[PDB]
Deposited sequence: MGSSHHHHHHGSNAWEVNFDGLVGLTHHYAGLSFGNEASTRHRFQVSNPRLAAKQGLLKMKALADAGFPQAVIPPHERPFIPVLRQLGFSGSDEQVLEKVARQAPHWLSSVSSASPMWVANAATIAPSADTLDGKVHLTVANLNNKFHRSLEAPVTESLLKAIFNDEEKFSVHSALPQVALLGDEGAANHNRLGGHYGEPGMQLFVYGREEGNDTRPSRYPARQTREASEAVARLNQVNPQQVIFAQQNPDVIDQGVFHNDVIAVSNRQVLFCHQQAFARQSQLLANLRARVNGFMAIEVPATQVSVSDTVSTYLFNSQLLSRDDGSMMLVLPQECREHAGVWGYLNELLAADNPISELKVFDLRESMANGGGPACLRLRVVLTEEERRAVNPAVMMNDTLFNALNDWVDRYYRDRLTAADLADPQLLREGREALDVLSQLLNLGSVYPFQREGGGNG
């Protein structure tokens, strides 16, 4: 039987702000993330980890015209065009919800697990991720008889893809064929689209990923996000809705043709249950500020569920009130769990943004690189690694420091050994 395994992103050393804060705490950011990972693991929810990337990323600076040695390039950019430093030093890869789109073997035509890297074309600093993200996935899901990793879609606005963050999977047990729901923000020919915040996900992209992941045509549904919610701050579906098994926890203003979509899911998903949060109870604004929907909806063995939320949801009387009501109402959600993720939330990432859901059978679980599976040993090893290399204070100005560069290179080289990934980074090649 298959279980849903969460793969979380280990915050990188250059985590920074580019709130009125300019000083970040990389070390604390990583520790907060590790704590969430460990807690869930300890509670019985399969957990794994995905490492940070090479930052600053000098290769793209060379692509931009700066030549010399890594340190000279860094110096030239610092002196001539320092704004690029921030753009090539983001710890954004930590939000693995955007790393790729997953298709469990129960939904594929060739019976293998498929993962398609997201190009993340809309944002320059995130578009840099794809190549390295592909290497990491291939080093983690290395067994080609069980896993199939596809390269990201062409890097153009027409095929903007933000991955799992806009993906959903509904059904009975995880191991059974499920219904996949792809949410997009825009499509060619459709005049209905955001007018203040461009849509990062296009239907053309979603459909291509569906194709690449060999998804059964009858087990896929494409739905357009409500354009008005996007203009309010919902840049990904995972900020206004989340799914798990037969449940779809969403805001009433989440989808363009919501009524139609839900009815369709009810007809196609056995026992499907939609939990819509009316705007009266919680507004879109409240949703965006608390990240109520960027929560993880987990399943226990008895069929009950747990909601993992960021601290902002508890600090908001209105949302907390709603959650306690939901807890007592007639539905699977029987527990609420809150985590302090201030560092990630400062840059726009909640509990779900930091994780990538991968349903794996018992045999597939065994095929995954064991060095990335969470347990006491990995937890302690990572914590020590963080205490050794991560700084407690960082600003954009420190990105020009050659020593930060050197520290990050050693750190990643040591981590690649710890996670048994080999020479997975560009600088190692």
For this session: Where the model has no C-alpha, note the corresponding stretch of the deposited sequence, numbering from 1.
Result: 1-12, 31-41, 453-458
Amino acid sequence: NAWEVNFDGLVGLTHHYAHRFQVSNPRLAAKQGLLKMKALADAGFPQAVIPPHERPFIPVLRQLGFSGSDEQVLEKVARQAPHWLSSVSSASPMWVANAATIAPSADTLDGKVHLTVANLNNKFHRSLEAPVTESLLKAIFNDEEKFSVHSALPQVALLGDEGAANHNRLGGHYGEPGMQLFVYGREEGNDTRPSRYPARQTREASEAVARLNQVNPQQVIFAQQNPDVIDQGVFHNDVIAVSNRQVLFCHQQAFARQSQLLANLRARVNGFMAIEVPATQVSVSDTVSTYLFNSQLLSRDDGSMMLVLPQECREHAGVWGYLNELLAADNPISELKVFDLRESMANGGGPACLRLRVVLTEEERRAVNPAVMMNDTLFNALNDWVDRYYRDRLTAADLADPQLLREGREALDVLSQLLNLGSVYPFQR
From here on, numbers count along this sequence of modelled residues.
Problem set entry | Greater mean Cα temperature factor according to the PDB record, 202-210 or 314-322 | 314-322
Exercise. On average, which has the higher Cα B-factor in the deposited entry, 157-165 or 347-355?
Worked result: 347-355
For this session: Sort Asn121, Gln296, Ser285, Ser135 by C-alpha B-factor from the entry and give me just the highest.
Result: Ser285
Exercise. From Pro104, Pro131, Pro93, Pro194, pick the one with the largest CA B-factor in the entry?
Worked result: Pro194
For this session: Compare the C-alpha B factor of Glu54 with those of the other modelled residues in its chain, then answer lowest, middle or highest third.
Result: lowest
Seminar exercise, completed: In terms of its chain's C-alpha B-factors, the third that includes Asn142 is the middle
Problem set entry | Assigned third (lowest, middle, highest) for the C-alpha B factor of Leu405 | middle
For this session: Name the third of the chain's ranked CA B-factors that contains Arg366, choosing lowest, middle or highest.
Result: highest
Problem set entry | Chain thirds of CA B-factor: placement of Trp3 | highest
